[PDB]
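# Report on the structure
Each chain, letter by letter, is given below.
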Amino acid sequence: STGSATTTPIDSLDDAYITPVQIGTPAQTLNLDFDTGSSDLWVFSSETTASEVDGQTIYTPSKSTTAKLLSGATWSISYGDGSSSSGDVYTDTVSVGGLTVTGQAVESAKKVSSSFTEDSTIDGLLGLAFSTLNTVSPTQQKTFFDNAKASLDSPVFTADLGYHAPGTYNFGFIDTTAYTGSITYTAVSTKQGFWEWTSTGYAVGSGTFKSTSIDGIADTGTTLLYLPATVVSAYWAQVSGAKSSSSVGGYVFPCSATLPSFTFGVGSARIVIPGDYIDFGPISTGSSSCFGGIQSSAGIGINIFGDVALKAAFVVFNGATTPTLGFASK
């Protein structure tokens, strides 16, 4: 089997992407944030505290003839941005782009943090990291991909995120028309539960490539590119007037600037992020200070190849017995 679904930016900045997901019988379609940095499929629901729902579409398990409470199971998650959610668990039928999994754990939110409430466009998350990170207790549950894997034509999914445009998540096949050149594959460590890999270096603009190992994770659920302070300083030094602002929370730059590209290495291959992908717009409405899309990871503990980086590539998440990642230009 295969599946193919369009993923759409939630706003004009590409802050996140939503993909329609069919849950239950008859189908309830929710728009979920596919997140290769986490491993829970959780949804706004009829169980979510009413004051914490503000425009999201909810899953109502009592209206699904295939929903079953997973007795005793609870979940609770905290994300790298400080947001969180928790609740109980049903199993139900879940379909993405024509690919159906029966018995998928659907984690129903009883509580969500304010950032989720405040984003009416995201009805939940669909985690695509390794199932060892799933938070369901006392019996950890499998991701949608893990459950689908055996049925897929090939045990892979691909992320093709758009710049200010829709893109595609495919399951079970490589669309060889969706990228240019060849795909370069690179080793993955699953030791932390992430799609963790080592970039071979970077370049700023038309500058020389610096060969240096940068361990990080491929994370579709993180907007920006978070890299070591040395790398980030080297990038922003090429933008007149750019500075790190403690009050804003990162590097800012004059909105009148033209940003240089940023290149990262994948083996001997190179992925070029155009400068315009690094512009996240005014820090507040009407400001002439703009927020940078490349930020320091120094306070995170891990480097994160988020959407800024991934949307410059066609990315293969190869879930074979020994997982690997693939990157192609597009």
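- As recorded in the PDB entry, the protein chain goes by the name Endothiapepsin, listed as coming from Cryphonectria parasitica.

## Digging into the sheet that holds strand β16 (residues 250-254)
- Read across the open sheet, the four strands follow the order β15-β16-β20-β19; overall the sheet is antiparallel. Edge positions in the open sheet fall to β15 (243-245) and β19 (279-282), since each of these has one partner strand only. Strand-to-strand twist of the sheet, defined as the mean angle between neighbouring strand axes without regard to direction, takes the value 40°.
- Pairing of β15 with β16 involves three bridges; the strand directions are antiparallel. Along β16, the bridge assignment pairs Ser245 with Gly250.

## Digging into the packing of aromatic side chains
- The tally for this structure, following the rule as stated, stands at 25 aromatic pairs.
- Each ring, one from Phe34 and one from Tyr169, has its centre 4.9 Å from the other, and the planes form 40°; the classification is tilted. Note that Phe34 is positioned in strand β3 (residues 28-35) and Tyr169 in strand β10 (residues 167-171), a separation of 135 residues in sequence. Accessibility classification places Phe34 together with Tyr169 in one group, the buried group.
- Ring pairing ties together the aromatic residues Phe34, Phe130, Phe144, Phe145, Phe157, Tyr169, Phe171, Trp195 and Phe317, which thus form one cluster.
- A cation over a ring is seen here: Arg270 above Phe209, with NZ or CZ 3.6 Å from the ring centre.
- Just above the ring of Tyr277 sits the side chain of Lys311; from NZ or CZ to the centre is 5.5 Å.

Here is what the cut-offs are and how they apply
- Residues numbered from 1 in each chain as written, not as in the entry; some residues may be left out.
- Heavy atoms only, no water.
- Residues with missing side-chain atoms left out of burial classes, pairs and counts.
- Pairing = 2+ DSSP bridges.
- Helix = DSSP H or I, 4+ residues; strand = E, 2+ residues; numbered from the N terminus.
- Axes fitted to C-alpha atoms, helices over the stretch in contact; angles between N-to-C directions.
- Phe/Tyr/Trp six-rings, centres within 6.5 Å; stacked < 30°, edge-to-face > 60°.
- Buried < 20%, exposed > 50% of the residue type's maximum accessible area, 1.4 Å probe, protein only.
- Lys NZ or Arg CZ within 6 Å of the ring centre and 35° of its normal.

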